[PDB]
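Counting begins at 1 with the first residue of the sequence. Each ligand, and each atom within it, is numbered from 1 in the order the structure gives. Computed over heavy atoms, backbone and side chain alike; hydrogens, waters and symmetry mates excluded.
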Amino acid sequence: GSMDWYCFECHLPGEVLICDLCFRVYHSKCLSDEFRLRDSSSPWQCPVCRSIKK
Ligand SMILES: [Zn+2]
Ligand SMILES: [Zn+2]
C-alpha cells in the first residue's frame, strides 16, 4: 500500500509505503529502489516481512 501527496511549500511530492502484511508505514525515501519496487500482481512486503523467518 501507499499514500502520496504534493507539498505546496517545497513543490515536491511525498509518499509513504505501507506493508501489505504488517501495515508498517515507511518513508518512501528511506528505502532503496529494490525495496520500493511494486508489481500490479502481488503484495508489497516491507524489509522486515521480506527478511524474517517463517
Ligand atoms: Zn515539502
Ligand atoms: Zn511488513
Side-chain angles (χ1 to χ4, degrees), residues 1-23 25-36 38 42-52:
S2 59
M3 291 191 34
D4 321 336
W5 62 92
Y6 184 88
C7 177
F8 282 92
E9 200 79 3
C10 62
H11 303 283
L12 300 181
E15 169 178 73
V16 291
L17 294 181
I18 305 159
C19 187
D20 294 319
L21 303 188
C22 78
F23 292 94
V25 189
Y26 291 85
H27 297 117
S28 74
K29 280 193 171 196
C30 283
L31 298 172
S32 73
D33 262 333
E34 181 199 317
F35 284 67
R36 291 167 81 178
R38 267 156 310 151
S42 100
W44 187 67
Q45 296 184 240
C46 77
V48 171
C49 294
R50 268 195 68 178
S51 64
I52 200 159

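The SG atom of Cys49 and the SG atom of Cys22 meet at the Zn ion (ligand 2) at an angle of about 110°, given to 10°. When rounded to 10 degrees, the angle formed at the Zn ion (ligand 2) by SG (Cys19) and SG (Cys46) equals 110°.
Judged by distance alone, with hydrogens and angles left aside, the side-chain atoms of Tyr6 form no donor-acceptor pair with the main-chain N or O of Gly14 at under 3.5 Å. Panel note: side chain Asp20, backbone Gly1; a donor-acceptor pair is recorded below 3.5 Å.
Considering only heavy atoms from C-beta on, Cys46 comes within 4.5 Å of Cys22 through its side chain. In this structure, the side chains of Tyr26 and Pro47 come closer than 4.5 Å at one or more pairs of heavy atoms.
Among the backbone and side-chain atoms of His11, no N/O/S atom is found under 2.8 Å from the Zn ion (ligand 1).
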